[PDB]
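First to last, the protein sequences are chains A, A', A'', B, B' and B''. A prime marks a further copy of an entry chain. When you line the first sequence up against the entry's author numbering, it's residues 6 to 78, 87 to 273, in that order. When you line the second sequence up against the entry's author numbering, it's residues 6 to 78, 87 to 273, in that order. When you line the third sequence up against the entry's author numbering, it's residues 6 to 78, 87 to 273, in that order. When you line the fourth sequence up against the entry's author numbering, it's residues 6 to 79, 91 to 273, in that order. When you line the fifth sequence up against the entry's author numbering, it's residues 6 to 79, 91 to 273, in that order. When you line the sixth sequence up against the entry's author numbering, it's residues 6 to 79, 91 to 273, in that order. Cβ atoms here follow ideal geometry from the backbone N, Cα and C, with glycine treated the same way. The structure appears below as structure tokens.
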Amino acid sequence: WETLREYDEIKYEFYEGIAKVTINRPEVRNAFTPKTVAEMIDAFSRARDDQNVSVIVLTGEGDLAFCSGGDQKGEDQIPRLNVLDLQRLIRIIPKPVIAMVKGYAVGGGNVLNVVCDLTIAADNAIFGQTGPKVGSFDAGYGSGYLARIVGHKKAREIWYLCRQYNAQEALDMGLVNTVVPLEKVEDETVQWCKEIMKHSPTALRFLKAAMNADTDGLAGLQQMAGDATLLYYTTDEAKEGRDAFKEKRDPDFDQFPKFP
Amino acid sequence: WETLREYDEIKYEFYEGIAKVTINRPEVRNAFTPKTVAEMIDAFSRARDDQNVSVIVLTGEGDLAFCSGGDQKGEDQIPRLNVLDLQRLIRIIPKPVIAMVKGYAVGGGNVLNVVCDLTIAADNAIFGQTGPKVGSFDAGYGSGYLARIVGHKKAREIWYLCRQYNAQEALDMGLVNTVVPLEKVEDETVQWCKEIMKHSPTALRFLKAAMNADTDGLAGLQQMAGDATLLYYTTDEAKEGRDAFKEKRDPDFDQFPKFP
Amino acid sequence: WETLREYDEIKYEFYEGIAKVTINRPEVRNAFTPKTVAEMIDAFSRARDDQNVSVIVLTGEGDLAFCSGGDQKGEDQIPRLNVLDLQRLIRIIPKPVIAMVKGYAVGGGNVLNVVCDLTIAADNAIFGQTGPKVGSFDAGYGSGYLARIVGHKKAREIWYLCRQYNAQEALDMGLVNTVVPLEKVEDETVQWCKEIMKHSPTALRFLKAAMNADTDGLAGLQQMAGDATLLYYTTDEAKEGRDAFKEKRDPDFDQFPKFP
Amino acid sequence: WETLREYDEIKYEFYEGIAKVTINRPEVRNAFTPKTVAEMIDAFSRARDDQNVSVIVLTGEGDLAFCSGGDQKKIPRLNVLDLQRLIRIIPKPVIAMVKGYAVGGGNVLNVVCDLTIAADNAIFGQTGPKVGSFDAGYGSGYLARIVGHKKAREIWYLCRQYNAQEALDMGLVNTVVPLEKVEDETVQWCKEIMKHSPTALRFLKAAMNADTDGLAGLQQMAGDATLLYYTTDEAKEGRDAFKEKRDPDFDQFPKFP
Amino acid sequence: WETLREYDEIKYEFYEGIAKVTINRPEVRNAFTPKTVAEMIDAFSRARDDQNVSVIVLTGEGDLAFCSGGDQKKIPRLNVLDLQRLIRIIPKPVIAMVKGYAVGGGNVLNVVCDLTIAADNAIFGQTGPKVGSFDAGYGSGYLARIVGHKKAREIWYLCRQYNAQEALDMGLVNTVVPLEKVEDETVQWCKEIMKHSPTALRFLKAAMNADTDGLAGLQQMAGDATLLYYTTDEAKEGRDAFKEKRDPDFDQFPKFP
Amino acid sequence: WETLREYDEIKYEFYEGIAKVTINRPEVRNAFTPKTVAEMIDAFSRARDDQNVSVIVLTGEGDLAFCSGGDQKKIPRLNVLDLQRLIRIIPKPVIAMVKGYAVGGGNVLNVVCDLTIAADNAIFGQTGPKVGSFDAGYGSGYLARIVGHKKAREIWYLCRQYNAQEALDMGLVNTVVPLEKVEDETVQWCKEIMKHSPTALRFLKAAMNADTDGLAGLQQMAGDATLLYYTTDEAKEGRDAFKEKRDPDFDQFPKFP
Ligand SMILES: CC(=O)CC(=O)SCCNC(=O)CCNC(=O)[C@H](O)C(C)(C)COP(=O)(O)OP(=O)(O)OC[C@H]1O[C@@H](n2cnc3c(N)ncnc32)[C@H](O)[C@@H]1OP(=O)(O)O
Ligand SMILES: CC(=O)CC(=O)SCCNC(=O)CCNC(=O)[C@H](O)C(C)(C)COP(=O)(O)OP(=O)(O)OC[C@H]1O[C@@H](n2cnc3c(N)ncnc32)[C@H](O)[C@@H]1OP(=O)(O)O
Ligand SMILES: CC(=O)CC(=O)SCCNC(=O)CCNC(=O)[C@H](O)C(C)(C)COP(=O)(O)OP(=O)(O)OC[C@H]1O[C@@H](n2cnc3c(N)ncnc32)[C@H](O)[C@@H]1OP(=O)(O)O
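The structure is reproduced here in structure tokens:
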């Protein structure tokens with residue numbers, strides 16, 4: 006059952022192509038410190054680069070929890094908010110990020126959940142925002158992007174009233190993808206991933222970047238461009254342009270197929 | 006049961022922190038004239054300023070109706094369309110606006126419903142657009158913003174076919190938040206409001222402005238900025254900047270915590 | 006049962022105000038070649054102009070299929094991708110375009126389905142994207158616009174896992190408008206259309222352009238502008254502006270009603 | 006020569022179709038207060054309604070000054097934003113006539129107005145970061161869509177002062193004239209606008225807002241779209257059939273492609 | 006020197022990779038009609054398909070004129097918009113060669129084209145609000161994203177005429193040359209473009225549109241993305257496995273971060 | 006005079022609040038590599054954290070050069097984009113000090129930085145379409161929001177070189193000075209910024225990004241919004257009530273309209 010790489014507050018493991026970032030703080034119910042986030046960013050950064058991995062999954066250690074948010078009940090000392098760096102990271106990574114929620118995903122923990130491409134929910138799961146009850150709020154991806162899933166009314170609902178939502182309430186609003194019994198959530202998530210690795214990783218990275226460019230204006234278009242520049246690089250045409258530079262002569266795009 | 010402030014075609018009342026704007030034209034089934042809208046704008050403007058109120062609710066007088074739209078079956090005389098001024102107002106107000114629909118919310122009446130942050134629906138409620146049957150249309154918030162709740166297909170549906178939608182059909186598409194029996198709709202709405210007043214009014218005003226900035230481009234960002242400028246005003250740093258102006262000397266932002 | 010206009014791979018028919026574009030390639034399960042698309046574009050272009058038609062419907066020949074996508078199992090010879098020209102066309106046409114799916118709507122076939130204003134689904138229908146399984150993807154309207162119906166999570170789902178979705182799964186996510194037994198799908202769609210032709214065609218063209226301007230930034234606003242310029246043209250004010258040009262004298266917008 | 010309806014902290018005037026809103030606080034370099042803004046909101050709203058008003062001009066009292074922001078010396093929350101928002105929902109063109117210092121929330125007002133005519137002694141710039149505020153709304157984003165991001169980021173970061181000619185070359189102001197001719201020119205501009213159709217004008221205005229204000233600017237464009245729709249015979253007959261309790265017949269009205 | 010395929014109201018020519026669309030109605034100052042636009046839509050679509058065409062130029066017949074809008078003298093609905101839309105979905109650079117009056121829907125056409133080379137006798141401006149129309153689409157919003165909102169609001173509100181140098185300083189045109197050298201320069205521009213890669217060009221073009229056209233401009237960017245994807249070995253093998261009725265093996269193809 | 010923490014392919018320095026990132030590869034005209042970019046990402050991230058750093062300057066080693074893109078001579093995927101993205105999420109103003117050739121992905125870097133101060137010998141332009149790449153992200157769209165679409169489409173299509181004064185008139189650079197005074201001026205700019213409040217600065221920076229970066233730029237604006245919220249007494253008391261296991265009392269804290 007999956008290998009492992011050295012971390013203090015998180016777990017970074019691997020199963021047959023899947024990378025698994027796990028929040029390993031069940032005592033505090035998987036709440037993150039600045040160090041925790043910094044470890045997650047590092048873990049994802051390595052997951053992005055490793056050619057062996059095709060799909061990433063984010064989850065909590067045991068049952069009962071996925072993530073809680075902050076706490077203080087950081088290191089540096091400096092009031093960091095690197096939580097937001099991670100938010101951006103998982104959705105620029107040209108690999109699907111799946112949230113395997115197996116309990117409470119509340120506050121900051123839920124925002125990490127919504128920013129993940131897909132969500133596998135255990136029947137045990139409870140979703141919600143706690144910000145305005147705990148003197149906080151995620152007004153970025155936690156608000157705008159949430160509306161882009163559930164509809165404005167529901168997003169307005171979960172932030173204002175701050176209620177809890179069971180797996181079925183989450184499924185019924187479209188927040189989560191499937192709900193499976195707690196025992197089966199370690200499976201199913203793998204079945205999902207196994208289903209992705211059948212498909213072209215390059216087609217998936219474009220579609221991910223296309224979905225980001227839908228919402229993130231000119232920051233999302235950057236990702237689309239970078240994947241384009243990457244594919245364009247691999248074309249015989251581009252080779253000619255950089256060969257002519259090393260050959261100090263003029264480029265000859267004379268005989269190359271021009272598509273209407 | 007709630008106090009009151011002087012109005013001719015609407016009712017402006019108050020219950021334990023809640024302000025209640027009521028369309029008082031049940032004879033014409035709560036349709037608005039230019040005067041009605043002008044009263045509603047005034048009522049909301051006062052609701053925005055009054056430090057005693059935390060949540061606003063919009064509703065119709067008795068049962069059977071929430072709102073119908075226009076009529077002519087205005088004052089000035091001048092063909093006003095101030096209906097749109099109100100639309101903008103309720104969503105710049107740093108207080109949640111809840112639509113307590115207790116019957117027909119059709120035509121212009123439904124657009125007022127959708128622009129309200131949350132919607133409490135009585136089982137009695139019927140929703141729809143009548144524009145293209147009555148030689149009209151709301152192509153602004155009535156179209157674009159509607160899609161941002163129900164999905165484009167459903168928004169396209171309700172405008173083209175102009176069908177009626179019962180409380181459950183409304184709930185199933187995500188248009189409304191909850192459906193409660195007609196007898197209980199005066200409650201529940203209060204329970205909702207009572208639940209908001211537990212949370213930080215400042216966190217809520219930012220989240221509201223964040224949800225507007227999601228859709229309203231640079232007009233929504235203005236609201237976000239204004240709330241920022243408001244909170245920045247309250248910080249010791251800002252005080253120093255305006256003190257130095259009244260003291261005619263140079264500002265000293267030397268010893269103030271700089272966050273990464 | 007409906008007349009007809011000359012085409013090789015598609016059918017262009019007419020019923021009491023409804024135009025019916027039919028993909029006539031059931032042998033290949035209604036997959037399109039470049040010629041097929043070019044015929045569809047022509048058909049729609051004629052449907053746009055013909056004052057007799059009020060609503061357009063897109064569908065496949067027999068049962069079992071709506072559309073499959075590409076194939077090669087074009088003419089010119091030139092690798093065309095005119096599929097995208099059609100995508101833009103049906104949503105600039107000032108007439109509702111209804112997708113009458115009576116079977117498989119997969120791959121490119123589903124994208125044509127989602128771009129259609131409304132969708133009438135037969136119980137027989139199966140929806141899905143096959144791109145990353147067949148070395149392709151629609152990262153434009155197939156990704157972004159899809160999220161604007163079903164929510165990001167579901168759009169992310171159907172592209173990454175590439176699963177099939179039955180009529181009810183489609184209805185439950187909001188992708189399709191209604192589901193009716195296969196026998197009744199030729200009706201119902203007509204009932205829908207008959208319901209549109211009761212309403213003002215001009216109010217509908219604005220609302221369509223308003224829904225496009227919601228998502229398509231400055232390309233959608235063009236459509237809104239063009240409909241505006243069209244209605245403004247019909248006003249006595251505009252007449253005066255162009256009369257003064259033909260009369261070589263100065264325009265007199267002196268006595269014309271100015272609305273606040 | 007100019008007809009008046011008075012206030013306490015502003016001046017409100019009419020001249021041959023032109024309505025002129027004037028800040029009347031030169032001693033404090035024409036700075037606004039909560040109250041001064043409230044008066045402007047009112048005067049603009051009245052100008053919105055007046056059928057004889059076709060163009061609105063915002064100006065300072067004498068020379069030397071136009072607007073130097075909000076002074077705070079007279091819990092203060094911020095209705096300048098409502099005014100900015102208002103003065104671009106007015107279906108009437110509004111021209112900024114700057115004849116001195118236009119700084120802080122005084123400059124953002126200049127920016128928000130459709131066009132700016134500047135007397136040669138004009139001074140443009142921000143104070144925000146030095147005085148304990150900022151205009152992160154139209155003061156920042158919208159300024160970039162006039163001046164360009166590189167230059168818009170400049171004015172906010174350095175808070176320097178810019179003379180009339182510098183404003184012209186970056187693109188902040190439309191025109192620059194001598195101080196003596198600035199009461200004129202503006203009237204010429206107004207005279208030139210008033211001979212074009214107010215409806216086409218109000219639409220283009222909405223089209224410019226919709227380009228940037230997203231869905232809120234769309235409401236403006238659509239709002240003026242439905243007004244034109246009201247005036248058509250296929251619209252009124254839709255409303256008449258409802259009044260007469262019968263099915264509407266749009267059937268015989270010219271279609272368009 | 007220039008090879009021709011003819012029409013009734015336009016001229017369509019080829020020269021060493023350069024295709025030239027020319028309005029052929031100088032008597033009415035090169036104004037378009039429904040028919041004239043239809044011809045341009047066709048000629049552009051043919052230019053879209055021609056593998057030997059790398060750059061497109063839009064110009065007027067002689068000097069004096071380029072385009073003065075739609076005359077209406079020959091129910092008229094408005095296909096100019098389809099043409100505007102078309103001439104920015106062409107994966108080929110299109111340069112406006114203006115040698116006289118470019119006004120009304122004639123100026124918006126100039127605006128829509130990627131670049132504008134101007135002969136020194138060029139005159140730019142709008143007529144809309146005076147003649148009973150407006151271009152609230154690319155005529156308004158897109159013009160602001162070239163000229164800046166302050167100046168874009170100017171040209172529509174006042175409907176004044178602007179000489180070549182004024183257009184240059186606000187940023188409307190790329191370059192200004194003497195009338196004699198305007199047939200040249202444009203060819204030089206074309207010659208310069210034709211030596212760069214057409215694929216990188218078509219992408220940047222789509223990136224510029226996507227920046228402003230929202231989701232529609234995204235379709236363009238993505239559309240060119242999937243074309244490049246078609247030409248890769250991991251794409252064709254995906255399509256081949258479908259044809260051969262077996263499971264696709266993308267497994268051994270280089271990954272990227 | 007300047008204090009150093011070293012790397013292999015860059016230089017990283019501090020001077021009275023100013024941190025200076027310098028590409029240290031003049032032999033290849035200051036071109037970056039995957040590694041050189043990684044170093045810059047690190048150095049910027051360190052500058053992000055340093056409480057004593059208020060302004061960041063990006064520059065080339067000597068004169069003649071600033072950045073000429075990515076050379077590729079030393091599967092290469094493209095972390096320059098991460099750096100571009102990073103250097104606009106830094107709540108600190110970053111100024112491009114260009115003293116030579118700024119071309120290709122070297123020019124886009126210049127563009128991404130908030131402001132550009134240019135030595136008179138500066139040369140700006142793109143190489144993409146000729147060398148087998150393009151910057152369809154901030155290189156294209158964002159460049160238009162500085163220069164204007166007409167001119168932004170020019171630089172990419174023709175790939176010409178532009179001197180310092182030409183960059184100034186189109187609006188690419190903020191200021192132009194003699195080469196000798198470019199180490200100065202930049203420091204003056206920095207000195208001028210460092211006397212304004214860092215919080216108002218970081219907000220305006222986020223407001224400028226949010227204007228263009230859509231929902232991602234919104235995250236930045238909101239992120240700085242919640243930081244200010246943390247420092248308020250009604251926020252901490254919300255967090256304290258959670259720690260103390262009791263119901264929060266926001267009830268007695270001043271409200272705003
Ligand atoms: C900048 C930042 O850092 C903040 C952010 O922006 S992110 C948003 C902040 N979010 C929050 O504070 C969420 C509040 N937490 C909750 O609501 C939790 O669900 C809650 C404690 C009720 C836990 O629910 P639960 O299942 O009933 O667990 P419960 O029985 O209450 O408590 C178990 C332990 O979890 C800890 N815990 C759970 N969530 C926590 C959190 N977010 N912070 C700190 N501790 C937390 C509790 O303190 C408790 O620890 P102890 O045994 O030492 O007292
Ligand atoms: C610019 C503008 O002003 C217009 C706009 O943009 S807003 C859009 C305009 N909307 C409309 O016109 C909606 C049309 N109204 C409806 O469909 C109503 O539901 C409708 C009259 C059927 C009422 O439904 P109902 O429950 O069956 O009530 P019903 O039995 O029909 O009639 C009861 C009374 O309500 C009145 N009424 C209801 N809605 C009305 C409306 N919108 N305008 C005028 N009168 C209305 C009816 O005229 C009737 O009055 P009388 O007794 O004097 O004849
Ligand atoms: C640029 C482009 O052109 C491509 C694009 O961008 S659009 C996206 C491309 N999409 C696809 O390729 C979709 C793949 N097709 C499918 O998945 C089909 O549903 C699929 C063949 C399984 C058909 O499902 P089905 O109901 O079981 O039909 P099935 O029994 O498998 O086969 C029946 C016939 O349909 C044909 N067919 C169905 N879809 C086809 C397609 N997309 N292309 C070619 N042939 C297709 C099969 O080849 C078969 O023909 P034969 O009898 O000559 O072998």
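Output the boundary residues of the alpha helix (DSSP H) element that contains B'/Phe49. 39–54
Run the CB neighbour count on B'/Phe219, radius 10 Å, all protein chains shown included, and call it buried at 16 or more, exposed below. buried
Which chain B residues are close to B'/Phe150, counting only those with a beta carbon under 7 Å from its beta carbon? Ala216, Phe219, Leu220
At 9 Å on the CB atoms, spell out the chain A contacts of A'/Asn95, in chain order. Under the 9 Å cutoff, chain A gives no residues; its nearest Cβ is about 24 Å from A'/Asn95.
Rounded straight-line distance, which links the Cα of B/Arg53 to that of B''/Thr242: 38 Å
Starting from B'/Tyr246, trace the beta strand (DSSP E) both ways and give me its first and last residue. Unbroken run through B'/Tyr246 is the alpha helix (DSSP H), 230–246; no beta strand (DSSP E).
Supposed close pair A'/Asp151, A'/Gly121 - CB separation, criterion 8 Å: 7 Å
Start-end ranges of the beta strand (DSSP E) lying completely within the region 175–211 of chain A, minimum 3 residues: 191–193
Quick check: does the Cβ of A''/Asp76 come within less than 7 Å of any heavy atom belonging to ligand 3? yes
Looking at A/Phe140 and A/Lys115, is the spacing between their C-beta atoms short of 8 Å? no
Can you give me the Cβ contacts of B/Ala222 inside the same chain, cut-off strictly under 8 Å, excluding the 5 residues immediately before and after it? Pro107, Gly233, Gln236, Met237, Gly239, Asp240
Taking three-plus beta-carbon pairs below 8 Å as touching, is the region 24–40 of chain A' in contact with the region 156–169 of chain A'? no
Other residues of its chain near A'/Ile111: CB distance less than 8 Å, five sequence neighbours each side excluded: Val60, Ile61, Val62, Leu63, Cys129, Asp130, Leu131, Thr132, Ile133, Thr202, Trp205, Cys206
Check this for me: beta carbons of A''/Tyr173 and A/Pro109, under 8 Å apart or not? yes
What residue from B'/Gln77, B'/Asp265, B'/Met113, B'/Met210 has the CA that sits closest to A''/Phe258's CA? B'/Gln77
Near A/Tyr154, which residues of its chain fall below 8 Å by C-beta distance, leaving aside the five closest residues on each side in sequence? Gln100, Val124, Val127, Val128
In terms of residue numbering, what span does the alpha helix (DSSP H) encompassing A''/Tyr12 cover? Element bounds for A''/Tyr12: n/a, residue is neither H nor E.
Beta carbon of A'/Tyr20 nearer than 8 Å to that of A'/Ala48: no
Less than 8 Å between CB atoms is the rule here; does B/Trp172 satisfy it with respect to chain B''? yes
Name the DSSP beta bridge partners of B''/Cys72, please? B''/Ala118
Against B''/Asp229, what residues of chain B qualify as contacts under a CB-to-CB distance less than 8 Å, listed in chain order? Result: empty, since nearest Cβ-Cβ is about 11 Å, beyond 8 Å.
Can you name the start and end residues of the alpha helix (DSSP H) that A''/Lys166 belongs to? 165–173
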